[PDB]
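In this analysis, Cβ positions are derived from the backbone assuming ideal geometry, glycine residues included, and neighbour counts consider all displayed protein chains. Bear in mind these aren't lab numbers, they're just calculated from the coordinates by the rules spelled out.
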Amino acid sequence: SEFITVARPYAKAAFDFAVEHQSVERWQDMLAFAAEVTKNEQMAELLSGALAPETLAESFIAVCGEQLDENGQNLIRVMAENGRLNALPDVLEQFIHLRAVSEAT
C-alpha cells in the first residue's frame, strides 16, 4: 500500500530547493530519519489518529526532532494535511533516486 505518486512531487519539490540550498547532503538524513520514525508501529498509531491531521503532523515534528528544514517541517504538515504522512519512504526512495540522478546529470 504505497503512494509514490504523491511522494514524486513531495520529494521532487523538496529535492529542488535541497540542491539550491546545498542541503541535499544534510537533508539526506532528514528524509531517512523522517522515514525511519514513520516505519515505527507506534509512529503509525500516532499517524493513523482519529481523523486528526494536525495531531499526527505536529506530533511527528515533535517526535522527529527540531532538526528539520523549514521545508522539511512543512513537508510533514503538507503530508499530514493531505493524509499522506505515512508516505515518508515513498519520498525518501524518490529522493535517493533524484540525488543519484543529479550526481550523474
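Taking the chain as the reference, fit the longest principal axis to its C-alpha atoms, fit the long axis of helix 24-38 to the helix C-alpha atoms, and give the angle between the two in degrees, 0 to 90, nearest 10.
The two axes meet at around 20 degrees.
Using the count of nearby Cβ atoms within 10 Å as a rough guide to exposure, how do 61, 76 rank from fewest to most?
With the fewest neighbours first, 61, 76 line up as 61, 76.
In region 1-86, which trypsin sites (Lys or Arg not before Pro) fall in coil by DSSP and have 15 or fewer other Cβ atoms within 10 Å?
Of the trypsin sites (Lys or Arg not before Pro), the ones in loops of region 1-86 whose Cβ has at most 15 other Cβ atoms within 10 Å are 39.
Nothing charged except the Cβ atoms of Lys and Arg (+1) and of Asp and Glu (-1): what's the magnitude of the dipole of the chain about its Cα centre? Round to the nearest 20 debye.
Here the chain has a charge dipole of around 240 debye.
Would you mind checking the radius of gyration and Dmax of the chain based on alpha-carbon positions, in Å?
Every Cα atom of the chain included, Rg and Dmax give 12.9, 44 Å.
Which of the GluC sites (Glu not before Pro) found in region 10-105 are in a DSSP loop and have at most 13 neighbouring Cβ atoms, other than their own, within 10 Å?
Here the sparse-neighbourhood loop sites are 66.
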